[PDB]
Amino acid sequence: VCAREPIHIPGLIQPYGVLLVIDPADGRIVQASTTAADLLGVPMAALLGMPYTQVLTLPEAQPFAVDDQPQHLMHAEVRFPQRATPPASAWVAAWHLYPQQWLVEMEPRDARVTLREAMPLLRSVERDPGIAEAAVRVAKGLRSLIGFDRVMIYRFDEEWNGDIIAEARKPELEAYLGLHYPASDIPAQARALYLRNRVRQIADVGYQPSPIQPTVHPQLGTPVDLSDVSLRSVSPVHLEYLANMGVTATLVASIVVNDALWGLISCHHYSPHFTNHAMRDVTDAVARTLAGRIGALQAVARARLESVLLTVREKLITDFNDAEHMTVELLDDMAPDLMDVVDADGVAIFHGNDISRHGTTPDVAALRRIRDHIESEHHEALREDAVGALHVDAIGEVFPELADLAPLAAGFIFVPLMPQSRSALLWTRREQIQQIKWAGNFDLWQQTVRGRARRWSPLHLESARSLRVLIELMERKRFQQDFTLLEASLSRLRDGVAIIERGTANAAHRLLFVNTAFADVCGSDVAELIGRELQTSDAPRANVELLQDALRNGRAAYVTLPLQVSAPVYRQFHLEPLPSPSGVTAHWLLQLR
Amino acid sequence: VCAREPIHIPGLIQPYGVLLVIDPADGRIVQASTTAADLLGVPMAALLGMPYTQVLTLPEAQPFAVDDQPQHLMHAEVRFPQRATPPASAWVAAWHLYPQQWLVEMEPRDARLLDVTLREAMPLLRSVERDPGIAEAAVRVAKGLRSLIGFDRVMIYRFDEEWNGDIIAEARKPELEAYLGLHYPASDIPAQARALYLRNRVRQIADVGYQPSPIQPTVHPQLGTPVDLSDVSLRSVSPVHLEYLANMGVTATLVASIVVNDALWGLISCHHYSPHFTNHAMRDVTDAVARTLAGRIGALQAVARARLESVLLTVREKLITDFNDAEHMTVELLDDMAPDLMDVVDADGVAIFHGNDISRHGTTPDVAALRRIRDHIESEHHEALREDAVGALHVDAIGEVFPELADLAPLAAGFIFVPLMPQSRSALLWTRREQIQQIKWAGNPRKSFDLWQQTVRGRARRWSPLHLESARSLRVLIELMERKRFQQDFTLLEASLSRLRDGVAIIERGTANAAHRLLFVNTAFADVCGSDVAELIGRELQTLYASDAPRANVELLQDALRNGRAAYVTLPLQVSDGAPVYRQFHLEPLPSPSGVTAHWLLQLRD
Ligand SMILES: */C=C/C1=C(C)C(=O)N/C1=C\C1=NC(=C\c2[nH]c(/C=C3\NC(=O)C(C=C)=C3C)c(C)c2CCC(=O)O)/C(CCC(=O)O)=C1C
Ligand SMILES: *C=CC1=C(C)C(=O)N/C1=C\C1=NC(=C\c2[nH]c(/C=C3\NC(=O)C(C=C)=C3C)c(C)c2CCC(=O)O)/C(CCC(=O)O)=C1C
Ligand SMILES: [Cl-]
């Protein structure tokens, strides 16, 4: 139920500032935070329904009507012309202009040489190698700039769990660097708002919130969507957490990379600390700058890998096409590249009952168990829902029966997906134990994750899909290998054979294959005979009819008929239908001693 | 010789400021620009070898020793304590701290838009950070920077794959002819110049045709090397380039590097037809917008690749299943397949070849013309082309690569051909029709002023590496066709053989560790033996005859197997029941490419 909280409609503000909801129609204040009455000259009752111009004046920029896309005015100087001296400090206001509402949030200026001071840090990260180096540079650098007791770089993993990859802290305290946090700690709903509103601040934990006096819109009958307002009251859940932790102030800047939430810049203060708009703007700058390099280094990385992976793949393709006899040594020379293209620990090449095991891989019988399990009708759903190839990161999860084997085959890539059989390819990765330091799931916990291999890189997975061609290459080569063998065998027979292709009644019944013993009795050789109509009257009408009726229907016949001599030569014509997938005769076997 | 100039060691400074080289060992000035003597108070002779501290009055930040990675201190307030009221304008100094040397460059403050300019630039950075597509961001940056600093010209120069430039965006005075859309050669910006723009991201010329300030002790007095400015903004630019700008009428420069993915994507070129020094605060804002724009361009490039890459895969994967599912390739199968098959590679046409048959689709040359192209590629002359090729053979302009096939270009200017090996029977030809290019040059030292429009013919749109990998990823449709065809024929011959009367078996020759086993067995054969076909495949041949069979007769058969020769011997069969069944074993070697027997044909009759 907690992971289902609205959070964007709390109907409360952080007391450090004031919020006003204005009807753009008349320009009158429809809703207001309880803190408004004190800052502005007039108490609540009269302030409600009053025009905004009457109570607050702003010289820099003014609100305006918006058509569809909401527009946001940044923090500018705002004055309160309705009281005999109301500035116990300087005030600054920001707008959120919607087509049905105007949202003005105001807070003190403060400031205390900032954007120029941040420039050397930005420049220094914008050119440093690897994420690690940049993360730690940003951590230390922001700790110097904004001055928080803790500055940590929190990276989201694939299942949205966090990891503190970088940290800058006071000499005292215990480092949270290296700690793992669940996905449950930051709900989807919350994560969305960090992508929306990039810099989030908790000025003092355990603040006494300011409720928006008219809770719902008096004419729209809805609460205030505070999704863009910085004054948005945080979940009491999270507040209790921070309070239990001893941290009293919080600054969180979103590390958005390629329009995706990559991670967060988490800042904790064990005393209260309001970060003013000007400073928030600097942290946003460093977050974007860091966010930038991470994606730059990620790009250069992909680029490099992508090429070498192709160079290898392409060697594999030629080497396989060039060789006509798939030998043990062929597969032994091929094996390293075949493993390398996908960064596997082992590979097993299957060719119907035969297994060419290479690298660090389970025993032949164990490999058979894995294949037999995948090819199963139970896991039939798995292959369909799969994309080009079937792959696992922890065999024990996906195939609970195959829970063991994991020390050598924790992860695997399997090609082809169809239970096509004969030729297949099993790439394996051995179990790599993970030592993960939790937040407590008064001391530390180290989960020692077993039965999982290193995650299959999407780039390696596409490398795998790109090798499906080696499977049909084997199959094609194998059929062609067998075909010639059977063609050889047939031609060397004594009992005169020929295959007959049924003409779709448009074409006549023509010869497809003819053996040497057959083409001899006829006289003329094989190449002259391929593509010659079987209808080759002298021969009794009765006997021919029997043969013609078998062809007419797609049935069998056994009839003695005279041939063509270069004695006239009579033979017994043994026509027989060969099984068709459709069940409708398309070919016949003709033999006749 | 010009394309191999040092430029990083000119031994000269831009007169607008002063440069000093300091020995970090005991803080003395080892080298100095001729402009140093006038602003620092003390003339050259005594100023040389003197500690920086005597003329130091920098309160903000001080230099320091470094270890390995050089560090740079930003422009801060510096004062000259040797003269009574030394200037008329405030002076600012920046440091370049190297482990062997310290480089301090100083110049006037000026400002007239400082951090007020940094807040003023914030909504522009904000505006581009949100912008869709490069084209919109480029033009936003152009207009925005033209407003932020009053340059007469602001252009966004994009480097193409061959390091040639294109002015994709431009913001200018109402007057002066727009250079927007103009193409520049790679030769105009040399490799070493390009390298420095990746090194020093922001570079300005205050006034073209400045009287340079030489570094009085030309080489280091103790290290014996010249001063590598590289990071110093005061560095003197090539006279070559200065003459160019002068000929062009421009007097002031400001060039901010658009570095994307650690590579020089392009430049923000700013021209002023009068002189214009852009202050420390000034340069800093352009750097910001340069950082921001470069950011967004890469972001959009990533999201873009990501999107395309997926839809291509989705299509590719439909084609794979659709092709595997169909067992007899019909005209309608290929007609339904055709659009996706063209789309996966963004082709104008495609021709599917299945030995003498051609399924041509889209905008493609005639059947005979297609045959000419294939026959030419499959040629022994162009054998080198297919070897040097990667997964598939691809052309961007058929007339160049295949001079004989110079025509056909209106419909097949570019193509992708698969498979690479002259494997034949099955193939795939993707075509792209001629797209004429109209490229506006600067001129074709060179006066420019007059532009030339090159009208390139016989070329199709460049094959995207993403589309080329899409093509390579479809080689599987070729072996799929071939496999299907061989399997189709094999099954036919296997059918034919199994329905025979004479009683046939194929034998696979073993080794010293393996035995001679039956590969194929018909019914007529498996009947005489008794036990069925599936219960006989993989059976050792020695099994088939009785263990009572005369030593003499078996020997003859064993000799033939031992050597890989033929034999014809009557032998009793291994009768489960007890009825003596004898047959003439007609073993015969089947032709091998090597000529060394690998299989035998066994026929039975006696
Ligand atoms: C030696 C061959 C050269 C020829 C010919 C030529 O025209 N220039 C040559 C050399 C160098 N050019 C250098 C810098 C430079 N080049 C450009 C190019 C353009 N600027 C434009 O505005 C346009 C079109 C509108 C073009 C095609 C720019 C902008 C710059 C930087 C100076 C500036 O901002 O104008 C160069 C390096 C010089 C240096 O910094 O030392 C060399 C050697
Ligand atoms: C319900 C689920 C929640 C549990 C069990 C919990 O502890 N918090 C839950 C919900 C929310 N968390 C939110 C924000 C938030 N969590 C963290 C977590 C950490 N931050 C750290 O610095 C460390 C360790 C060093 C951990 C483990 C952070 C950083 C944030 C963001 C704010 C911050 O800086 O802490 C929210 C959103 C709150 C809101 O704005 O309403 C919810 C809900
Ligand atoms: Cl809203």
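Within the stretch B:242-259, if we keep just the residues that are under 33 Å from the mean Cα position of the chain (by Cα) and closer than 30 Å to B:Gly298 by Cα, the residue that is farthest from ligand 3 (Cβ to nearest atom) turns out to be B:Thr253. Total residues in the stretch A:496-519 satisfying the condition of being in a loop (DSSP other than H, G, I, E, B) and either of a type in the set (A, V, I, L, M) or farther than 17 Å from B:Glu494 by Cβ (or both): the figure is 9.
Can you tell me which residues in the stretch B:30-49 are under 19 Å from B:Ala84 (Cβ atoms) and aliphatic (A, V, I, L, M)?
B:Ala36, B:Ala37, B:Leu39, B:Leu40, B:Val42, B:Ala46, B:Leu47
Only one entry in A:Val224, A:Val286 is closer than 22 Å to B:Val259 by Cα, buried (at least 20 other Cβ atoms within 10 Å of the Cβ), within 16 Å of ligand 2 (Cβ to nearest atom) and among the hydrophobic types (A, V, I, L, M, F, W, C), namely A:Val286.
Restricting to the stretch B:394-433, give me the number of residues that are touching a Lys or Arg at 6+ places or on another chain (Cβ under 6 Å) and either not charged (D, E, K, R) or not assigned by CATH to the domain that holds B:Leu370 (or both). Qualifying residue count for the region: 6.
Here is a yes/no grid of residues against (1) within 11 Å of chain B (Cβ to nearest Cβ); (2) closer than 20 Å to A:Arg196 by Cβ; (3) out of contact with any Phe, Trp or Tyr (no Cβ under 6 Å at 6 or more places or on another chain):
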{"position": "A:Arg280", "(1), (2), (3)": "no, yes, yes"}
{"position": "A:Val286", "(1), (2), (3)": "no, yes, yes"}
{"position": "A:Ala291", "(1), (2), (3)": "yes, yes, yes"}
{"position": "A:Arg302", "(1), (2), (3)": "yes, no, yes"}
{"position": "A:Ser307", "(1), (2), (3)": "yes, no, yes"}
{"position": "A:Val312", "(1), (2), (3)": "no, no, yes"}
{"position": "A:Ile317", "(1), (2), (3)": "yes, no, yes"}
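Are any of the residues in the stretch B:450-471 surrounded by fewer than 20 Cβ atoms within 10 Å (Cβ to Cβ), among the polar types (S, T, N, Q) and in contact with an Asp or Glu (Cβ under 8 Å, 6 or more places away or on another chain)? The answer is yes, given that some residue of the stretch B:450-471 is surrounded by fewer than 20 Cβ atoms within 10 Å (Cβ to Cβ), among the polar types (S, T, N, Q) and in contact with an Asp or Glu (Cβ under 8 Å, 6 or more places away or on another chain). Among the residues making up the stretch A:434-472, those that are more than 14 Å from chain B (Cβ to nearest Cβ) and over 25 Å from the mean Cα position of the chain (by Cα) are A:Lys437, A:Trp438, A:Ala439, A:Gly440, A:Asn441, A:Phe442, A:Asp443, A:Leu444, A:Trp445, A:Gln446, A:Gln447, A:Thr448.
Just so you know, in the stretch B:186-212 the residues that are among the small types (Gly, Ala, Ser) and under 27 Å from A:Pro120 (Cβ atoms) include one that is nearest to ligand 2 (Cβ to nearest atom), and it is B:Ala195. Considering every residue within the stretch B:130-146, establish whether at least one is more than 30 Å from A:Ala260 (Cβ to Cβ) and of a type outside the set (D, E, K, R). Checked against the condition, which is being more than 30 Å from A:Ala260 (Cβ to Cβ) and of a type outside the set (D, E, K, R), the stretch B:130-146 yields no hits at all. Taking every residue in the stretch A:202-228 that is closer than 21 Å to A:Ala37 by Cα and away from chain B (no Cβ under 14 Å) and pairing it with any residue that is away from ligand 2 (no atom under 16 Å from the Cβ) and hydroxyl-bearing (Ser, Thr, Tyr), at least 6 positions away or on another chain, the pairs with Cβ-Cβ distances below 7 Å are A:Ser210/A:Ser33; A:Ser210/A:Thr34; A:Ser210/A:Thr35; A:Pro211/A:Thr34; A:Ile212/A:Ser33; A:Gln213/A:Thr34; A:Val216/A:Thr222; A:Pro223/A:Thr215. Screening the stretch A:473-521 for residues that are over 30 Å from A:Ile349 (Cα atoms), of a type in the set (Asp, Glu) and in contact with a strand residue (DSSP E or B) (Cβ under 7 Å, 6 or more places away or on another chain) and picking the one that is nearest to the other protein chains (Cβ to nearest Cβ) gives A:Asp495.
Here is a check on your reading of the model: is B:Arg79 among the basic types (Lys, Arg) and closer than 30 Å to B:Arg172 by Cα? Criteria not met by B:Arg79. Here's a check for you: in the stretch A:164-183, which residue that is closer than 21 Å to A:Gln201 by Cα and in a strand (DSSP E or B) is farthest from ligand 3 (Cβ to nearest atom)? If we take residues in the stretch A:164-183 being closer than 21 Å to A:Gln201 by Cα and in a strand (DSSP E or B), then A:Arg169 is farthest from ligand 3 (Cβ to nearest atom). If the condition is being more than 18 Å from A:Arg196 (Cβ to Cβ) and within 14 Å of another protein chain (Cβ to nearest Cβ), then the stretch A:84-111 contributes A:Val92, A:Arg109, A:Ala111. Being within 14 Å of chain B (Cβ to nearest Cβ), surrounded by fewer than 18 Cβ atoms within 10 Å (Cβ to Cβ) and out of contact with any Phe, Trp or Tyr (no Cβ under 7 Å at 6 or more places or on another chain) is a condition met by no residue of the stretch A:159-177.
Here's the yes/no breakdown for (1) buried (at least 16 other Cβ atoms within 10 Å of the Cβ); (2) charged (D, E, K, R):
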| residue | (1), (2) |
| --- | --- |
| A:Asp23 | yes, yes |
| A:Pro43 | no, no |
| A:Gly49 | no, no |
| A:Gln62 | no, no |
| A:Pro108 | yes, no |
| A:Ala132 | no, no |
| A:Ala139 | yes, no |
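Residues in the stretch A:260-284 that are within 33 Å of the chain's Cα centre (by Cα) and either closer than 20 Å to A:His180 by Cα or not hydrophobic (A, V, I, L, M, F, W, C) (or both): A:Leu261, A:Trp262, A:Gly263, A:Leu264, A:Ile265, A:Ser266, A:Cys267, A:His268, A:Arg280, A:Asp281, A:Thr283, A:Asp284. If you go through the stretch B:235-275 and pick out every residue that is away from chain A (no Cβ under 14 Å), away from ligand 1 (no atom under 12 Å from the Cβ) and either buried (at least 21 other Cβ atoms within 10 Å of the Cβ) or polar (S, T, N, Q) (or both), you end up with 1. Does A:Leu220 count as within 16 Å of ligand 3 (Cβ to nearest atom), assigned to a loop (DSSP other than H, G, I, E, B) and out of contact with any helix residue (DSSP H, G or I) (no Cβ under 7 Å at 6 or more places or on another chain)? So A:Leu220 fits the description; yes. Of the listed requirements (1) within 14 Å of chain A (Cβ to nearest Cβ); (2) within 17 Å of B:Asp284 (Cβ to Cβ), B:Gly144 misses just one: (1). Just one of the listed residues (B:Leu125, B:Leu196, B:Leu118) is within 30 Å of B:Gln62 (Cβ to Cβ), within 32 Å of the chain's Cα centre (by Cα) and assigned to a helix (DSSP H, G or I), namely B:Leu196. Residues in the stretch A:57-99 that are outside any loop (DSSP other than H, G, I, E, B) and within 16 Å of ligand 3 (Cβ to nearest atom): A:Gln71, A:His72, A:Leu73, A:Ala94, A:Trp95, A:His96, A:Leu97.
For B:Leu125, work out the one condition from (1) within 14 Å of another protein chain (Cβ to nearest Cβ); (2) more than 19 Å from B:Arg199 (Cα to Cα); (3) surrounded by fewer than 17 Cβ atoms within 10 Å (Cβ to Cβ) it doesn't fulfil. Of the numbered conditions (1) within 14 Å of another protein chain (Cβ to nearest Cβ); (2) more than 19 Å from B:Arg199 (Cα to Cα); (3) surrounded by fewer than 17 Cβ atoms within 10 Å (Cβ to Cβ), the odd one out for B:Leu125 is (3).
With ideal geometry, Cβ positions are generated from the backbone for all residues, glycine too; neighbour counts draw on all protein chains shown. The values are calculated or read from the model by the stated rules, or taken from the named source; no laboratory read-out is quoted.
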